[PDB]
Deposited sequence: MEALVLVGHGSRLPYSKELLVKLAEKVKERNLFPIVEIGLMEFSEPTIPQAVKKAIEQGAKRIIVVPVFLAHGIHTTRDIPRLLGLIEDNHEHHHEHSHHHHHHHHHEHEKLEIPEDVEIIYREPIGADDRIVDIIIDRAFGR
């Protein structure tokens, strides 16, 4: 079965995980994916290696990794695709079995729907 892993930055504060948890609930309710997991790059659990390994353990053969970041940065272009084994080079460590494929997706970017949210927020809504 396919899995979605949502991946976030992580924070010293708990808002970043809380955001990822809520988003995962919302996408679970769209019934697109049997398995939906979250990972945080830094600070808190679950880690990205932990989330990938938890989706393999549920028997996922195709894992979609969506970086929930607004723009590309060091995490989206280096730290994350390294962990997932997609580009080369005491860490975490993630082994990916041969029959598992990781599909690393694109961040949010300057999407029109973000300008919608910006306008709502401008009016305190």
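Discussion item. Comparing the deposited sequence with the modelled residues, which stretches have no C-alpha coordinates?
Written reply: Model skips only 90 to 107 of the deposited chain.
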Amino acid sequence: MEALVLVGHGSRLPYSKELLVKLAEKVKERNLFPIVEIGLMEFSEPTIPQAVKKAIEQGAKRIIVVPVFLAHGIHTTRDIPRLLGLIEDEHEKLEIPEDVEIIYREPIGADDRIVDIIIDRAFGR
From here on, numbers count along this sequence of modelled residues.
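Definition used throughout: the rigid core is the maximal C-alpha set that superposes within 1.5 Å between two forms.
Worksheet item: Is the larger C-alpha RMS shift in 7 other deposited structures of this protein, relative to this form with the rigid core superposed, found in 78 to 86 or in 59 to 67?
Response: Result of the core-fitted comparison in 7 other deposited structures of this protein: 78 to 86 deviates more.
Worksheet item: Mean CA B-factor: is it higher for 29 to 37 or for 64 to 72?
Response: Per the PDB record, 29 to 37.
Item to complete: Decide which of the stretches 93 to 101 and 44 to 52 has the higher mean C-alpha B-factor, going by the entry.
Response: So the stretch with the higher mean C-alpha B-factor is 93 to 101.
Worksheet item: What third of its chain's C-alpha B-factors does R12 belong to: lowest, middle or highest?
Response: Its C-alpha B-factor belongs to the highest third of this chain's values.
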